[PDB]
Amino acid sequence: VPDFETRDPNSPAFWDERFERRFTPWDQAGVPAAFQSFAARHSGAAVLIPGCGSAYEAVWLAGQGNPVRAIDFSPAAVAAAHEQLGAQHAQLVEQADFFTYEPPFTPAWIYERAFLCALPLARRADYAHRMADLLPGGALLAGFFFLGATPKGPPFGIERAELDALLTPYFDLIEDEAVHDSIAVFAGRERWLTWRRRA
């Protein structure tokens, strides 16, 4: 809605400007219900959260005791995460490029929310390879996927068939659920998808 002077979503400065001016349409202001029920099913799982933004989910996982690393290449995003994490859990977030970052553990679960749809279309192929590289066979890429093409972006919507073309060479779809606490921008568009890394 506002007039931003950064336009390249590949740049951390792009996301800085949105956080800095308080224009963050994607922000849930909390932990989504489906994240909570999925995480309860995988209480021991080591979790990577790329493009974590405010990182509400990392605070929640800290309370459940999962190993977790949340990363965001945006300084303003990491400042937002620190506000949520406080000094107590600040070490769970790092300012890092998802496409460069090596986690200090092998993830059992990489949690997706409003990250794939933050990426320019040209970064989608990298996303798939990176997820496949990070996840061993049987491990999970699971979270909220923003389905259906959009005219502009971000958020860049993705057609179901294009998402298949991206992930099925590496993942089997094993869950596709309606979401019952979605915010306006994602209402009726996001779904919870669980992808299992192929062996």
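Start at 1 with the first residue shown and count on from there.
Asker: Which is higher in the entry, the mean Cα B factor of 62-70 or that of 27-35?
Answerer: Comparing 27-35 with 62-70, the higher mean C-alpha B-factor belongs to 62-70.
Asker: Which wins on mean Cα temperature factor, 140-148 or 41-49?
Answerer: Mean C-alpha B-factor is greater for 41-49.
Asker: Sort the modelled residues of this chain by their C-alpha B factor and say whether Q88 lands in the lowest, middle or highest third.
Answerer: Middle third.
Asker: Ranking the modelled residues of this chain by C-alpha B-factor as given in the entry, is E175 in the lowest, middle or highest third?
Answerer: Middle third of the chain for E175's C-alpha B-factor.
Asker: Would the CA B-factor of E112 place it in the lowest, middle or highest third of its chain?
Answerer: According to the entry, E112 has a C-alpha B-factor in the chain's lowest third.
Asker: By the recorded C-alpha temperature factor, relative to the other modelled residues in its chain, which third is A118 in?
Answerer: Answer is middle: the recorded C-alpha B-factor places it there.
Asker: Would the CA B-factor of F98 place it in the lowest, middle or highest third of its chain?
Answerer: Answer is lowest: the recorded C-alpha B-factor places it there.
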